[PDB]
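Only one structure is covered here, and it is reproduced in the block below.
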Amino acid sequence: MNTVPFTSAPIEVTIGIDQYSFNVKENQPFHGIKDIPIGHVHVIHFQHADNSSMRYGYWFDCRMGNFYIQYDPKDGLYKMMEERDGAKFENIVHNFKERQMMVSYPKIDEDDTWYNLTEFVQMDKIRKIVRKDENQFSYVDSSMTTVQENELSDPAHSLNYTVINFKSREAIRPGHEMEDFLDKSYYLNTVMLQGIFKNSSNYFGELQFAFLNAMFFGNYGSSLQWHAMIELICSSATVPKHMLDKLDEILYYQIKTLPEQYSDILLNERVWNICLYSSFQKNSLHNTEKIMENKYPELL
Amino acid sequence: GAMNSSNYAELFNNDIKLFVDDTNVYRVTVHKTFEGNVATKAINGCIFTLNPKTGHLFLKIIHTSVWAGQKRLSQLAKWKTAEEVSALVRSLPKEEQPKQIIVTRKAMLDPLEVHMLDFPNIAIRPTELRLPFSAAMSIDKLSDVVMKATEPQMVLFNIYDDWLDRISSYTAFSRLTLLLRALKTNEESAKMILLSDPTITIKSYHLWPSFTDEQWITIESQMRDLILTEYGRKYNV
Ligand SMILES: O=c1[nH]ncc(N2CCOCC2)c1Cl
């Protein structure tokens, strides 16, 4: 179990750690977060009391270094930092913990939620979508745009998601115009899976990461990317059976975890109705269709 | 974006554009089978591709052999239209290719966009106008060449005959759409109006009769009366 300590908490802020969150008051004696499970990526995120605008936060993996958060009063945000030195990192943490003003990552033992939401997410792939190579962790916020959004303006602060566009020469073989547009199996399996992602695990990892950025930061281009990656699978007549089985599980836990009150902005009616009721895979997402119908029947 | 009453004069400016109409591509007769079920028999069709400024009509004849062994023909017909329009553009010299293609039915937008991906600079547009191009098969010489075709074939016409020698392309299009609207509302009356006087003939190289300026005013008036009438007969007014 790993620890992300805090130098201080000088401004009132709601702090998120994965799917959990807690309020910290201005200059409250808050020390950080302990007992973070090893083996998964994590995200620690922030919404200031005085400006609910700009949710922001950091993707990290404690196996890749020692990390702590301290507030920067010039840039006005909680910044993640690394201690390459270990003894001093353990040494600074040592005084802070007998005086236990440190919240415990509050995982229930039965609960596989985080694992189910991050099963295929890897830090190495996150760091290719979020380019800032001098750090081992990745900053995301509400307003970052995606490469594809910028094609339709600062590239260093972009989300370099894989570009999917159903009306593109990449998606459509000359001479198979109708065939490839109505059945995207070529684009999914040859172009994207064999060509760009290499395997379905990498594909699912980007899909899961896009969802999490949409949910935790309300990042709109991430939501577009999540729906695009779902629609490309649902609009393919030929999909490996193991990918469909796993997709249904992935989406089920995403829909389960989505705040009930955020469904109106985070879910695209057209895609979900198409995917569950019209697409080739309309009969292959049993768990996802069941939870969608019982939880958001209005959307459908 | 879309073409409507507000940007109507754009059709007659000097940017090459084409209207595409797919109504008559997939044409069937419905009939009973010996067992008393229903079946369709396809008949020859055509793509109606028209330059509204020049009157040049690119009439691509769709022979019924192109449906043999195919499924979901109404959906295929839209993609077949888009394939043939794309093939037409590629056949034209660069300086004759259109800068816009306006489709008369929105269901043509995606098929044509996908087929024209190689032409990112050609804008594909819908329209809100309710244009009467489905009545093109009421033009006797156009119907005749479609029905006689034994194979796929492109035939070139000027739908304005020689009108542009005397009138503008705005007026020529207004005349055309009035004639076609009349032919669509009441084909027989419309056709009687156009031919009642046997001293006015259709030149071998024309589609419509050789009316003087004055006779066109009379004719145009008769077509409006017809359209207003049928609008009464239909709604009782
Ligand atoms: O590694 C570190 N280096 N330097 C300061 C630091 N802090 C400051 C005190 O609060 C905890 C975080 C840590 Cl943990």
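Sequence lines set the chain letters: A, B, ... in the order given, protein chains first and strands last, and positions in each chain run from 1. Hydrogens, waters and symmetry mates play no part in the numbers below; they use all other heavy atoms, side chains included.
One finds a salt bridge joining B:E10 and B:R125 here, because a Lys/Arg side-chain nitrogen approaches an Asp/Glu carboxylate oxygen to under 4.0 Å. A salt bridge does not link A:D111 with A:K107: every distance from a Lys NZ or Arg NE/NH1/NH2 to an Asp or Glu carboxylate oxygen is 4.0 Å or more. Using a 4.0 Å cut-off between a side-chain N of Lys or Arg and a carboxylate O of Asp or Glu, A:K74 and A:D72 do not qualify as a salt bridge. A salt bridge between B:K94 and B:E96 is absent, with no side-chain N of the basic residue lying under 4.0 Å from a carboxylate O of the acidic one.
Between A:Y68 and A:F6, the gap from one ring centroid to the other reaches at least 6.0 Å. For B:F19 and B:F133, the gap between ring centers is short of 6.0 Å. Annotation: A:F197 is in aromatic contact with A:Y203 [ring centroid separation under 6.0 Å]. The aromatic ring centroids of A:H42 and A:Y105 lie less than 6.0 Å from each other. In this structure, A:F181 has its ring center under 6.0 Å from that of B:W79. You'll find the ring centres of B:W67 and B:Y26 inside the 6.0 Å limit.
Scanning all heavy atoms of the two residues, the minimum distance from A:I233 to A:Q281 falls at O-CG, 3.7 Å. The two residues B:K17 and B:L11 make their nearest non-hydrogen contact at CD-CA, 3.7 Å. Across A:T162 and A:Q225, no two heavy atoms sit closer than the pair O-NE2, 2.8 Å.
Side-chain atoms of A:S235 and A:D183 form no donor-acceptor pair, as typed in the model, at a separation below 3.5 Å. Between the side chains of A:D141 and A:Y139, a donor-acceptor pair is found at a separation under 3.5 Å.
At most 12 non-hydrogen atoms from other residues, nucleotides or ligands lie less than 6.0 angstrom from NZ of A:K290.
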